[PDB]
>>> print(open('entry_3.pdb').read())   # PDB, C-alpha atoms and all ligand atoms
ATOM      1  CA  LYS A  56     -61.160  31.195  36.025
ATOM      2  CA  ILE A  57     -57.481  31.558  35.070
ATOM      3  CA  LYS A  58     -56.941  30.790  38.752
ATOM      4  CA  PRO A  59     -54.767  27.968  40.029
ATOM      5  CA  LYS A  60     -54.791  28.174  43.845
ATOM      6  CA  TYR A  61     -51.048  27.563  44.034
ATOM      7  CA  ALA A  62     -47.876  28.533  42.207
ATOM      8  CA  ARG A  63     -46.535  25.636  40.131
ATOM      9  CA  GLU A  64     -42.972  26.347  41.322
ATOM     10  CA  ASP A  65     -43.990  25.861  44.964
ATOM     11  CA  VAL A  66     -45.183  22.330  44.204
ATOM     12  CA  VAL A  67     -41.986  21.681  42.250
ATOM     13  CA  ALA A  68     -39.894  23.033  45.140
ATOM     14  CA  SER A  69     -41.746  20.897  47.706
ATOM     15  CA  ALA A  70     -41.153  17.762  45.634
ATOM     16  CA  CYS A  71     -37.459  18.655  45.204
ATOM     17  CA  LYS A  72     -36.973  18.838  48.979
ATOM     18  CA  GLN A  73     -38.379  15.307  49.289
ATOM     19  CA  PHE A  74     -35.906  14.193  46.614
ATOM     20  CA  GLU A  75     -33.115  15.724  48.681
ATOM     21  CA  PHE A  76     -33.622  12.998  51.319
ATOM     22  CA  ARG A  77     -34.763  10.281  48.898
ATOM     23  CA  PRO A  78     -32.631  10.983  45.773
ATOM     24  CA  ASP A  79     -33.697   7.683  44.206
ATOM     25  CA  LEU A  80     -37.342   8.765  43.998
ATOM     26  CA  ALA A  81     -36.639  11.543  41.509
ATOM     27  CA  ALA A  82     -36.155   9.123  38.656
ATOM     28  CA  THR A  83     -39.036   6.935  39.862
ATOM     29  CA  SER A  84     -41.283  10.029  39.823
ATOM     30  CA  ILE A  85     -40.218  10.615  36.213
ATOM     31  CA  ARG A  86     -41.037   7.011  35.345
ATOM     32  CA  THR A  87     -44.436   7.587  36.971
ATOM     33  CA  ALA A  88     -45.298  10.255  34.378
ATOM     34  CA  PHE A  89     -44.849   7.566  31.732
ATOM     35  CA  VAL A  90     -46.701   4.900  33.737
ATOM     36  CA  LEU A  91     -49.708   7.240  34.039
ATOM     37  CA  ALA A  92     -49.664   8.312  30.390
ATOM     38  CA  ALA A  93     -49.250   4.737  29.154
ATOM     39  CA  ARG A  94     -52.209   3.717  31.299
ATOM     40  CA  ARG A  95     -54.415   6.533  29.940
ATOM     41  CA  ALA A  96     -53.449   5.410  26.417
ATOM     42  CA  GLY A  97     -54.329   1.762  27.037
ATOM     43  CA  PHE A  98     -50.818   0.380  27.413
ATOM     44  CA  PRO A  99     -50.474  -0.575  31.084
ATOM     45  CA  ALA A 100     -47.570  -3.049  31.241
ATOM     46  CA  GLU A 101     -47.359  -6.377  33.029
ATOM     47  CA  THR A 102     -43.721  -6.965  32.041
ATOM     48  CA  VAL A 103     -40.671  -4.734  31.425
ATOM     49  CA  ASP A 104     -40.155  -6.825  28.305
ATOM     50  CA  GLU A 105     -42.766  -4.362  26.973
ATOM     51  CA  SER A 106     -42.024  -1.144  28.893
ATOM     52  CA  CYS A 107     -41.627   0.152  32.426
ATOM     53  CA  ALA A 108     -45.300   1.167  32.513
ATOM     54  CA  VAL A 109     -45.797  -1.421  35.243
ATOM     55  CA  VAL A 110     -47.640  -0.507  38.429
ATOM     56  CA  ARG A 111     -44.963  -2.125  40.596
ATOM     57  CA  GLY A 112     -42.323  -0.268  42.597
ATOM     58  CA  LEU A 113     -44.285   2.963  43.015
ATOM     59  CA  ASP A 114     -45.149   2.823  46.745
ATOM     60  CA  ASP A 115     -42.486   5.320  47.808
ATOM     61  CA  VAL A 116     -43.456   7.698  44.976
ATOM     62  CA  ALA A 117     -47.088   7.390  46.064
ATOM     63  CA  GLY A 118     -45.776   8.391  49.482
ATOM     64  CA  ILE A 119     -44.434  11.673  48.068
ATOM     65  CA  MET A 120     -47.590  12.242  45.985
ATOM     66  CA  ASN A 121     -49.680  11.890  49.136
ATOM     67  CA  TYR A 122     -47.441  14.431  50.871
ATOM     68  CA  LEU A 123     -47.737  16.901  47.995
ATOM     69  CA  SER A 124     -51.532  16.465  47.835
ATOM     70  CA  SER A 125     -51.916  17.044  51.594
ATOM     71  CA  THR A 126     -49.599  20.048  51.296
ATOM     72  CA  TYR A 127     -51.507  21.256  48.228
ATOM     73  CA  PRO A 128     -55.185  20.295  48.705
ATOM     74  CA  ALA A 129     -57.596  21.825  46.129
ATOM     75  CA  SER A 130     -55.150  20.763  43.433
ATOM     76  CA  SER A 131     -55.994  17.650  41.456
ATOM     77  CA  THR A 132     -53.748  14.657  42.160
ATOM     78  CA  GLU A 133     -53.005  14.356  38.437
ATOM     79  CA  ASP A 134     -51.710  17.950  38.289
ATOM     80  CA  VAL A 135     -49.564  17.303  41.367
ATOM     81  CA  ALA A 136     -48.205  14.097  39.837
ATOM     82  CA  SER A 137     -47.114  15.858  36.634
ATOM     83  CA  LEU A 138     -45.340  18.575  38.678
ATOM     84  CA  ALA A 139     -43.526  15.928  40.734
ATOM     85  CA  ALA A 140     -42.236  14.334  37.523
ATOM     86  CA  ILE A 141     -41.104  17.767  36.344
ATOM     87  CA  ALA A 142     -39.409  18.223  39.723
ATOM     88  CA  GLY A 143     -37.654  14.887  39.147
ATOM     89  CA  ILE A 144     -36.151  16.221  35.924
ATOM     90  CA  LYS A 145     -35.040  19.399  37.717
ATOM     91  CA  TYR A 146     -33.526  17.407  40.565
ATOM     92  CA  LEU A 147     -31.623  15.254  38.080
ATOM     93  CA  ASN A 148     -30.137  18.252  36.225
ATOM     94  CA  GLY A 149     -32.390  17.627  33.226
ATOM     95  CA  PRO A 150     -33.991  20.054  30.787
ATOM     96  CA  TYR A 151     -37.286  21.101  32.385
ATOM     97  CA  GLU A 152     -37.534  24.885  31.972
ATOM     98  CA  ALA A 153     -39.794  24.871  28.892
ATOM     99  CA  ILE A 154     -41.849  21.990  30.309
ATOM    100  CA  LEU A 155     -42.482  24.017  33.463
ATOM    101  CA  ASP A 156     -43.031  27.345  31.671
ATOM    102  CA  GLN A 157     -45.634  25.782  29.354
ATOM    103  CA  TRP A 158     -47.200  23.555  32.029
ATOM    104  CA  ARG A 159     -50.989  23.544  31.949
ATOM    105  CA  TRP A 160     -53.392  22.715  34.750
ATOM    106  CA  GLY A 161     -56.834  21.223  35.285
ATOM    107  CA  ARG A 162     -56.061  17.521  34.832
ATOM    108  CA  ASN A 163     -59.235  15.768  35.991
ATOM    109  CA  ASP A 164     -58.863  13.134  38.658
ATOM    110  CA  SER A 165     -61.229  10.988  36.654
ATOM    111  CA  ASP A 166     -62.403   7.617  37.879
ATOM    112  CA  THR A 167     -61.772   5.834  34.590
ATOM    113  CA  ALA A 168     -61.798   2.041  34.193
ATOM    114  CA  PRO A 169     -58.316   0.730  33.278
ATOM    115  CA  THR A 170     -58.093  -0.331  29.620
ATOM    116  CA  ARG A 171     -55.612  -2.575  27.852
ATOM    117  CA  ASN A 172     -55.280  -2.395  24.076
ATOM    118  CA  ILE A 173     -55.205  -5.750  22.285
ATOM    119  CA  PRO A 174     -52.566  -6.465  19.602
ATOM    120  CA  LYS A 175     -53.737  -7.231  16.077
ATOM    121  CA  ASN A 176     -51.797 -10.522  16.146
ATOM    122  CA  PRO A 177     -53.512 -13.033  18.510
ATOM    123  CA  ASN A 178     -50.150 -14.559  19.444
ATOM    124  CA  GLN A 179     -48.543 -11.177  20.083
ATOM    125  CA  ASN A 180     -48.507 -10.152  23.761
ATOM    126  CA  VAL A 181     -46.261  -7.090  23.808
ATOM    127  CA  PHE A 182     -46.638  -3.888  21.804
ATOM    128  CA  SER A 183     -43.640  -2.408  19.982
ATOM    129  CA  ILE A 184     -41.893   0.643  21.426
ATOM    130  CA  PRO A 185     -42.965   3.038  18.598
ATOM    131  CA  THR A 186     -46.600   1.881  18.957
ATOM    132  CA  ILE A 187     -46.572   2.801  22.622
ATOM    133  CA  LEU A 188     -44.566   6.027  22.426
ATOM    134  CA  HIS A 189     -46.360   7.582  19.431
ATOM    135  CA  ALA A 190     -49.604   7.052  21.346
ATOM    136  CA  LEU A 191     -48.519   9.328  24.234
ATOM    137  CA  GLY A 192     -50.150  12.414  22.694
ATOM    138  CA  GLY A 193     -49.315  11.843  19.028
ATOM    139  CA  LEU A 194     -45.530  12.119  19.226
ATOM    140  CA  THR A 195     -43.269  12.480  16.165
ATOM    141  CA  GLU A 196     -40.440   9.961  15.842
ATOM    142  CA  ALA A 197     -38.011  12.659  17.036
ATOM    143  CA  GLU A 198     -40.089  13.137  20.202
ATOM    144  CA  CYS A 199     -40.360   9.378  20.837
ATOM    145  CA  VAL A 200     -36.591   8.949  20.627
ATOM    146  CA  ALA A 201     -36.008  12.068  22.721
ATOM    147  CA  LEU A 202     -38.158  10.680  25.525
ATOM    148  CA  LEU A 203     -35.974   7.601  25.960
ATOM    149  CA  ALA A 204     -33.130   9.685  27.432
ATOM    150  CA  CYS A 205     -35.030   9.310  30.706
ATOM    151  CA  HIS A 206     -33.139   5.992  30.741
ATOM    152  CA  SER A 207     -29.992   7.995  31.443
ATOM    153  CA  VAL A 208     -31.187   8.203  35.083
ATOM    154  CA  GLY A 209     -32.622   5.778  37.638
ATOM    155  CA  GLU A 210     -31.948   2.085  38.142
ATOM    156  CA  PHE A 211     -33.396  -1.427  38.113
ATOM    157  CA  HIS A 212     -35.466  -2.853  40.984
ATOM    158  CA  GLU A 213     -36.115  -6.442  42.095
ATOM    159  CA  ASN A 214     -39.914  -5.967  42.272
ATOM    160  CA  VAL A 215     -40.100  -4.323  38.831
ATOM    161  CA  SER A 216     -37.583  -5.906  36.436
ATOM    162  CA  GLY A 217     -36.531  -8.665  38.812
ATOM    163  CA  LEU A 218     -32.950  -7.497  39.344
ATOM    164  CA  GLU A 219     -31.062  -4.919  41.423
ATOM    165  CA  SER A 220     -27.686  -3.101  41.083
ATOM    166  CA  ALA A 221     -28.002  -2.313  37.393
ATOM    167  CA  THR A 222     -28.788   0.812  35.366
ATOM    168  CA  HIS A 223     -29.292   1.471  31.658
ATOM    169  CA  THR A 224     -26.090   3.490  31.137
ATOM    170  CA  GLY A 225     -23.929   3.067  34.231
ATOM    171  CA  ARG A 226     -25.075   6.326  35.819
ATOM    172  CA  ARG A 227     -28.118   7.435  37.771
ATOM    173  CA  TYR A 228     -28.228  11.143  38.527
ATOM    174  CA  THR A 229     -27.922  13.267  35.332
ATOM    175  CA  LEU A 230     -30.722  13.313  32.756
ATOM    176  CA  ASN A 231     -28.960  14.170  29.504
ATOM    177  CA  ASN A 232     -28.141  12.736  26.074
ATOM    178  CA  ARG A 233     -25.558  10.276  27.405
ATOM    179  CA  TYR A 234     -28.124   7.514  26.786
ATOM    180  CA  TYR A 235     -27.644   7.844  23.013
ATOM    181  CA  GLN A 236     -23.866   7.976  23.276
ATOM    182  CA  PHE A 237     -23.919   4.889  25.501
ATOM    183  CA  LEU A 238     -26.113   2.794  23.174
ATOM    184  CA  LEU A 239     -23.997   3.626  20.110
ATOM    185  CA  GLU A 240     -20.749   2.869  21.945
ATOM    186  CA  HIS A 241     -21.801  -0.516  23.310
ATOM    187  CA  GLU A 242     -24.333  -1.612  20.672
ATOM    188  CA  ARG A 243     -22.335  -4.622  19.481
ATOM    189  CA  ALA A 244     -21.276  -5.795  22.966
ATOM    190  CA  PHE A 245     -24.726  -6.301  24.498
ATOM    191  CA  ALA A 246     -25.414  -9.960  25.336
ATOM    192  CA  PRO A 247     -28.625 -11.759  26.404
ATOM    193  CA  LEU A 248     -29.237 -11.577  30.165
ATOM    194  CA  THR A 249     -31.002 -14.328  32.071
ATOM    195  CA  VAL A 250     -32.980 -12.972  34.994
ATOM    196  CA  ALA A 251     -33.108 -15.807  37.542
ATOM    197  CA  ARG A 252     -35.936 -16.492  39.976
ATOM    198  CA  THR A 253     -34.780 -15.423  43.461
ATOM    199  CA  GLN A 254     -36.304 -14.901  46.898
ATOM    200  CA  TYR A 255     -36.261 -11.150  46.211
ATOM    201  CA  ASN A 256     -38.024 -10.917  42.812
ATOM    202  CA  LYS A 257     -41.243 -12.819  43.604
ATOM    203  CA  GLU A 258     -43.381  -9.779  42.680
ATOM    204  CA  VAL A 259     -42.297 -10.265  39.066
ATOM    205  CA  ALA A 260     -44.621 -13.083  38.024
ATOM    206  CA  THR A 261     -42.878 -13.732  34.733
ATOM    207  CA  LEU A 262     -39.209 -12.733  34.553
ATOM    208  CA  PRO A 263     -38.176 -10.703  31.503
ATOM    209  CA  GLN A 264     -36.542 -12.578  28.630
ATOM    210  CA  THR A 265     -35.488  -9.744  26.335
ATOM    211  CA  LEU A 266     -33.098  -7.906  28.625
ATOM    212  CA  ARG A 267     -29.556  -7.520  27.353
ATOM    213  CA  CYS A 268     -26.434  -6.618  29.217
ATOM    214  CA  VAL A 269     -22.989  -5.072  29.031
ATOM    215  CA  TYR A 270     -20.486  -4.695  31.876
ATOM    216  CA  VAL A 271     -18.639  -1.392  31.830
ATOM    217  CA  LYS A 272     -15.626  -0.301  33.883
ATOM    218  CA  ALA A 279     -11.547  -0.172  38.357
ATOM    219  CA  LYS A 280     -14.694  -2.275  38.859
ATOM    220  CA  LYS A 281     -17.493  -3.259  36.451
ATOM    221  CA  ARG A 282     -20.998  -1.755  36.412
ATOM    222  CA  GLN A 283     -23.821  -3.874  35.000
ATOM    223  CA  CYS A 284     -25.675  -1.959  32.300
ATOM    224  CA  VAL A 285     -28.973  -3.354  31.076
ATOM    225  CA  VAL A 286     -31.211  -2.439  28.107
ATOM    226  CA  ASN A 287     -34.269  -4.052  26.472
ATOM    227  CA  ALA A 288     -33.535  -5.976  23.257
ATOM    228  CA  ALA A 289     -36.268  -3.837  21.659
ATOM    229  CA  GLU A 290     -34.464  -0.583  22.536
ATOM    230  CA  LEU A 291     -31.331  -1.958  20.846
ATOM    231  CA  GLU A 292     -33.094  -3.398  17.796
ATOM    232  CA  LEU A 293     -34.368   0.089  16.975
ATOM    233  CA  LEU A 294     -30.716   1.065  16.358
ATOM    234  CA  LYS A 295     -31.110  -1.052  13.207
ATOM    235  CA  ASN A 296     -33.963   1.087  11.921
ATOM    236  CA  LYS A 297     -32.566   3.836   9.689
ATOM    237  CA  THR A 298     -34.668   6.786  10.868
ATOM    238  CA  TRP A 299     -34.579   5.806  14.560
ATOM    239  CA  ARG A 300     -30.800   5.377  14.495
ATOM    240  CA  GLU A 301     -30.210   8.716  12.742
ATOM    241  CA  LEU A 302     -32.140  10.373  15.581
ATOM    242  CA  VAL A 303     -30.033   8.497  18.165
ATOM    243  CA  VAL A 304     -26.839   9.484  16.317
ATOM    244  CA  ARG A 305     -28.050  13.086  16.052
ATOM    245  CA  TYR A 306     -28.987  13.384  19.758
ATOM    246  CA  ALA A 307     -25.655  11.846  20.757
ATOM    247  CA  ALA A 308     -23.866  14.704  19.006
ATOM    248  CA  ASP A 309     -26.388  17.545  19.413
ATOM    249  CA  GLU A 310     -27.489  18.041  23.026
ATOM    250  CA  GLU A 311     -29.244  21.317  22.226
ATOM    251  CA  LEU A 312     -31.518  19.682  19.642
ATOM    252  CA  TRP A 313     -32.189  16.804  22.017
ATOM    253  CA  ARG A 314     -33.237  19.154  24.848
ATOM    254  CA  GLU A 315     -35.774  20.863  22.587
ATOM    255  CA  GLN A 316     -37.338  17.595  21.418
ATOM    256  CA  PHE A 317     -37.282  16.129  24.937
ATOM    257  CA  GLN A 318     -39.255  18.963  26.484
ATOM    258  CA  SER A 319     -41.731  18.977  23.634
ATOM    259  CA  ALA A 320     -42.226  15.209  23.964
ATOM    260  CA  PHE A 321     -42.459  15.243  27.750
ATOM    261  CA  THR A 322     -45.078  17.974  27.674
ATOM    262  CA  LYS A 323     -47.208  16.066  25.107
ATOM    263  CA  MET A 324     -46.898  12.952  27.249
ATOM    264  CA  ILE A 325     -48.076  14.590  30.468
ATOM    265  CA  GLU A 326     -50.952  16.329  28.648
ATOM    266  CA  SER A 327     -51.940  13.272  26.590
ATOM    267  CA  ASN A 328     -55.484  11.952  27.035
ATOM    268  CA  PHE A 329     -56.511  14.879  29.236
ATOM    269  CA  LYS A 330     -59.290  17.242  28.116
ATOM    270  CA  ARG A 331     -59.776  20.979  28.618
ATOM    271  CA  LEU A 332     -56.357  21.669  30.120
ATOM    272  CA  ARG A 333     -55.987  25.325  31.041
ATOM    273  CA  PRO A 334     -53.148  27.744  30.248
ATOM    274  CA  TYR A 335     -51.361  28.686  33.468
ATOM    275  CA  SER A 336     -51.654  32.098  35.098
ATOM    276  CA  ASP A 337     -49.782  33.227  38.201
ATOM    277  CA  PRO A 338     -52.371  33.122  41.022
ATOM    278  CA  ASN A 339     -50.742  36.131  42.689
TER     279      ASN A 339
HETATM  280  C1  LIG B 401     -41.422   2.134  25.826
HETATM  281  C2  LIG B 401     -40.356   1.367  26.078
HETATM  282  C3  LIG B 401     -39.653   1.356  27.459
HETATM  283  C4  LIG B 401     -38.975   0.303  27.938
HETATM  284  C5  LIG B 401     -38.800  -1.060  27.250
HETATM  285  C6  LIG B 401     -38.458   0.635  29.245
HETATM  286  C7  LIG B 401     -37.706  -0.172  30.075
HETATM  287  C8  LIG B 401     -37.328   0.179  31.356
HETATM  288  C9  LIG B 401     -36.793  -0.728  32.369
HETATM  289  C10 LIG B 401     -36.559  -2.238  32.186
HETATM  290  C11 LIG B 401     -36.540  -0.021  33.466
HETATM  291  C12 LIG B 401     -36.002  -0.567  34.807
HETATM  292  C13 LIG B 401     -37.255  -0.640  35.701
HETATM  293  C14 LIG B 401     -36.961  -1.149  37.095
HETATM  294  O1  LIG B 401     -36.503  -2.312  37.222
HETATM  295  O2  LIG B 401     -37.219  -0.404  38.080
HETATM  296  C15 LIG B 401     -36.905   1.355  33.213
HETATM  297  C16 LIG B 401     -36.781   2.371  34.128
HETATM  298  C17 LIG B 401     -37.060   3.702  33.942
HETATM  299  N1  LIG B 401     -37.739   4.234  32.851
HETATM  300 FE1  LIG B 401     -38.299   3.048  31.193
HETATM  301  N2  LIG B 401     -38.814   1.938  29.519
HETATM  302  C18 LIG B 401     -39.549   2.431  28.444
HETATM  303  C19 LIG B 401     -40.075   3.709  28.373
HETATM  304  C20 LIG B 401     -39.858   4.790  29.211
HETATM  305  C21 LIG B 401     -40.346   6.162  29.017
HETATM  306  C22 LIG B 401     -41.226   6.605  27.815
HETATM  307  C23 LIG B 401     -39.904   6.911  30.064
HETATM  308  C24 LIG B 401     -40.101   8.397  30.443
HETATM  309  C25 LIG B 401     -40.933   9.220  29.791
HETATM  310  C26 LIG B 401     -39.129   6.038  30.933
HETATM  311  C27 LIG B 401     -38.504   6.444  32.093
HETATM  312  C28 LIG B 401     -37.874   5.614  32.988
HETATM  313  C29 LIG B 401     -37.237   6.040  34.216
HETATM  314  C30 LIG B 401     -37.129   7.478  34.769
HETATM  315  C31 LIG B 401     -36.694   4.768  34.853
HETATM  316  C32 LIG B 401     -35.939   4.649  36.203
HETATM  317  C33 LIG B 401     -37.041   4.484  37.258
HETATM  318  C34 LIG B 401     -36.466   4.312  38.644
HETATM  319  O3  LIG B 401     -35.236   4.519  38.800
HETATM  320  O4  LIG B 401     -37.243   3.964  39.582
HETATM  321  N3  LIG B 401     -39.114   4.757  30.394
HETATM  322  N4  LIG B 401     -37.378   1.449  31.908
END
>>> encode(input="entry_3.pdb", output="structure tokens")
Amino acid sequence: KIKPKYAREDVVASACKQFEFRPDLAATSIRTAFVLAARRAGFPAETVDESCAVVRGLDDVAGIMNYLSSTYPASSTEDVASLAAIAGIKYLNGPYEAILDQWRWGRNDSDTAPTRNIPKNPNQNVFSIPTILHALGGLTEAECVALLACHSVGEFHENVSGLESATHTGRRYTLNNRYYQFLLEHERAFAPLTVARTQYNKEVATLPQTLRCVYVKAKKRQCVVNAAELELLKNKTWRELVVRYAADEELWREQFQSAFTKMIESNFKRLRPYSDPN
């Protein structure tokens, strides 16, 4: 039955309206697509030292998801969640047109036991970034690198990373290739950041130790990036992709949409090609 009950653009439009009153939840909804995919792949995170696939800071997003599901019953919650992430990209002026046009449906709301992969080294606790990203549907290195431009939007939260009033790149509301340009520009100025225990970050059981920081200007904005994200700039092939995306927005948009689609389809079976229900 090539028969979704609803039009995918209606769900996207309904999520966008929510974002119009809660603009901050667009980027969190995008992060949620990664959280879900990382969890299906066996990489749920406990610490942002590994990735932002932590379960924390998603209450308000779950609020919107519940609204969308009530609004669109008969849809699976997983399908709705992927469309909300896509709506986040749209809201944040990101490239989403191919992702939406090629969107497939039928994601099973399975009741699957959470799994956590175990590193080969007994004294290793965090997985590398390539290990995690490649596993989100079998991504190429180009797709992995393309996906990280989601860090060009959103911000840090006290119950997730343990700090507030910081972003990756100094901006929050445009999802483009500025991420790559930012990393390359400030690569050598990033310094270790100590995240202190405060009365506001108690939800973060173990504060991250690998965060690094630059202050960018007539006031300074605190810009924060994982040491691991920066260390990849030392890898030849990774860096050439960062350099390339910094200069070639068109190429980046293509790879981004291809990666994002693989991610939101990863570890789902029997997804169905979309047909207009009308
Ligand atoms: C795999 C390595 C990754 C690392 C180390 C990492 C690190 C982080 C950190 C520290 C934050 C701040 C979280 C907070 O305090 O709220 C963040 C936020 C965010 N990340 Fe990641 N991340 C990774 C992967 C990804 C991927 C693959 C995506 C998208 C597909 C993504 C999308 C986002 C978005 C949209 C935000 C902002 C969320 C918000 O504003 O609520 N990240 N990331």
>>> resolve_selection(input="entry_3.pdb", expression="the PyMOL selection byres (((chain A and resi 164-173) around 12) and not hetatm)", output="PDB file with C-alpha atoms, in the frame of the given file")
ATOM      1  CA  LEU A  91     -49.708   7.240  34.039  1.00  0.00           C
ATOM      2  CA  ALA A  92     -49.664   8.312  30.390  1.00  0.00           C
ATOM      3  CA  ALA A  93     -49.250   4.737  29.154  1.00  0.00           C
ATOM      4  CA  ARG A  94     -52.209   3.717  31.299  1.00  0.00           C
ATOM      5  CA  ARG A  95     -54.415   6.533  29.940  1.00  0.00           C
ATOM      6  CA  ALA A  96     -53.449   5.410  26.417  1.00  0.00           C
ATOM      7  CA  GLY A  97     -54.329   1.762  27.037  1.00  0.00           C
ATOM      8  CA  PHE A  98     -50.818   0.380  27.413  1.00  0.00           C
ATOM      9  CA  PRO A  99     -50.474  -0.575  31.084  1.00  0.00           C
ATOM     10  CA  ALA A 100     -47.570  -3.049  31.241  1.00  0.00           C
ATOM     11  CA  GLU A 101     -47.359  -6.377  33.029  1.00  0.00           C
ATOM     12  CA  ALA A 108     -45.300   1.167  32.513  1.00  0.00           C
ATOM     13  CA  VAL A 110     -47.640  -0.507  38.429  1.00  0.00           C
ATOM     14  CA  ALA A 129     -57.596  21.825  46.129  1.00  0.00           C
ATOM     15  CA  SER A 130     -55.150  20.763  43.433  1.00  0.00           C
ATOM     16  CA  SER A 131     -55.994  17.650  41.456  1.00  0.00           C
ATOM     17  CA  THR A 132     -53.748  14.657  42.160  1.00  0.00           C
ATOM     18  CA  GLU A 133     -53.005  14.356  38.437  1.00  0.00           C
ATOM     19  CA  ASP A 134     -51.710  17.950  38.289  1.00  0.00           C
ATOM     20  CA  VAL A 135     -49.564  17.303  41.367  1.00  0.00           C
ATOM     21  CA  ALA A 136     -48.205  14.097  39.837  1.00  0.00           C
ATOM     22  CA  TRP A 160     -53.392  22.715  34.750  1.00  0.00           C
ATOM     23  CA  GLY A 161     -56.834  21.223  35.285  1.00  0.00           C
ATOM     24  CA  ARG A 162     -56.061  17.521  34.832  1.00  0.00           C
ATOM     25  CA  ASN A 163     -59.235  15.768  35.991  1.00  0.00           C
ATOM     26  CA  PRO A 174     -52.566  -6.465  19.602  1.00  0.00           C
ATOM     27  CA  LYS A 175     -53.737  -7.231  16.077  1.00  0.00           C
ATOM     28  CA  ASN A 176     -51.797 -10.522  16.146  1.00  0.00           C
ATOM     29  CA  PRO A 177     -53.512 -13.033  18.510  1.00  0.00           C
ATOM     30  CA  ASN A 178     -50.150 -14.559  19.444  1.00  0.00           C
ATOM     31  CA  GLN A 179     -48.543 -11.177  20.083  1.00  0.00           C
ATOM     32  CA  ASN A 180     -48.507 -10.152  23.761  1.00  0.00           C
ATOM     33  CA  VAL A 181     -46.261  -7.090  23.808  1.00  0.00           C
ATOM     34  CA  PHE A 182     -46.638  -3.888  21.804  1.00  0.00           C
ATOM     35  CA  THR A 186     -46.600   1.881  18.957  1.00  0.00           C
ATOM     36  CA  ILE A 187     -46.572   2.801  22.622  1.00  0.00           C
ATOM     37  CA  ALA A 190     -49.604   7.052  21.346  1.00  0.00           C
ATOM     38  CA  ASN A 328     -55.484  11.952  27.035  1.00  0.00           C
ATOM     39  CA  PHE A 329     -56.511  14.879  29.236  1.00  0.00           C
ATOM     40  CA  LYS A 330     -59.290  17.242  28.116  1.00  0.00           C
TER      41      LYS A 330
END
>>> closest_residue(input="entry_3.pdb", among="A:302, A:184, A:308, A:57", to="ligand LIG 401 (chain B)", atoms="all atoms listed in the file")
A:184
>>> residues_near_ligand(input="entry_3.pdb", ligand="ligand LIG 401 (chain B)", cutoff="7 Å", atoms="all atoms listed in the file", output="ChimeraX atom specification")
/A:79-80,82-83,85-86,88-89,103-107,112,184,187-188,202-203,205-206,208-213,215-218,286-287,289-290,321
>>> residues_around(input="entry_3.pdb", residues="residue 115 of chain A", least_positions_apart="3", cutoff="12 Å", atoms="all atoms listed in the file", output="JSON, numbers by chain")
{"A": [73, 74, 77, 78, 79, 80, 81, 82, 83, 84, 87, 111, 112, 118, 119, 120, 121, 122]}
>>> residues_around(input="entry_3.pdb", residues="residue 201 of chain A", least_positions_apart="6", cutoff="7 Å", atoms="all atoms listed in the file", output="MDAnalysis selection string")
chainID A and resid 313 316:317
>>> closest_residue(input="entry_3.pdb", among="A:226, A:252, A:297, A:233", to="residue 272 of chain A", atoms="all atoms listed in the file")
A:226
>>> resolve_selection(input="entry_3.pdb", expression="the PyMOL selection byres (((chain A and resi 291) around 12) and not hetatm)", output="VMD selection string")
chain A and resid 184 203 223 234 to 235 237 to 247 265 to 268 285 to 290 292 to 296 299 to 300 303
>>> write_last_selection(input="entry_3.pdb", atoms="C-alpha atoms", output="short mmCIF file (atom, residue, chain, number, x, y, z; two decimals), in the coordinates of the input")
data_model
loop_
_atom_site.label_atom_id
_atom_site.label_comp_id
_atom_site.auth_asym_id
_atom_site.auth_seq_id
_atom_site.Cartn_x
_atom_site.Cartn_y
_atom_site.Cartn_z
CA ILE A 184 -41.89 0.64 21.43
CA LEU A 203 -35.97 7.60 25.96
CA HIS A 223 -29.29 1.47 31.66
CA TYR A 234 -28.12 7.51 26.79
CA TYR A 235 -27.64 7.84 23.01
CA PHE A 237 -23.92 4.89 25.50
CA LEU A 238 -26.11 2.79 23.17
CA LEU A 239 -24.00 3.63 20.11
CA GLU A 240 -20.75 2.87 21.94
CA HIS A 241 -21.80 -0.52 23.31
CA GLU A 242 -24.33 -1.61 20.67
CA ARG A 243 -22.34 -4.62 19.48
CA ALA A 244 -21.28 -5.80 22.97
CA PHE A 245 -24.73 -6.30 24.50
CA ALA A 246 -25.41 -9.96 25.34
CA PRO A 247 -28.62 -11.76 26.40
CA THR A 265 -35.49 -9.74 26.34
CA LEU A 266 -33.10 -7.91 28.62
CA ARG A 267 -29.56 -7.52 27.35
CA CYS A 268 -26.43 -6.62 29.22
CA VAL A 285 -28.97 -3.35 31.08
CA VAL A 286 -31.21 -2.44 28.11
CA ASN A 287 -34.27 -4.05 26.47
CA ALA A 288 -33.53 -5.98 23.26
CA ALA A 289 -36.27 -3.84 21.66
CA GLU A 290 -34.46 -0.58 22.54
CA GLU A 292 -33.09 -3.40 17.80
CA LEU A 293 -34.37 0.09 16.98
CA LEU A 294 -30.72 1.06 16.36
CA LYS A 295 -31.11 -1.05 13.21
CA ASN A 296 -33.96 1.09 11.92
CA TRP A 299 -34.58 5.81 14.56
CA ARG A 300 -30.80 5.38 14.50
CA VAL A 303 -30.03 8.50 18.16
#
>>> atom_distance(input="entry_3.pdb", atom1="atom CA of residue 143 of chain A", atom2="atom CA of residue 281 of chain A")
27.3 Å
>>> resolve_selection(input="entry_3.pdb", expression="the PyMOL selection byres (((chain A and resi 228) around 6) and not hetatm)", output="ChimeraX atom specification")
/A:147,208,227,229
>>> write_last_selection(input="entry_3.pdb", atoms="C-alpha atoms", output="compact mmCIF listing (two decimals), keeping the file's coordinate frame")
# COMPACT_ATOMS: atom_id res chain seq x y z
CA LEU A 147 -31.62 15.25 38.08
CA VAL A 208 -31.19 8.20 35.08
CA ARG A 227 -28.12 7.44 37.77
CA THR A 229 -27.92 13.27 35.33
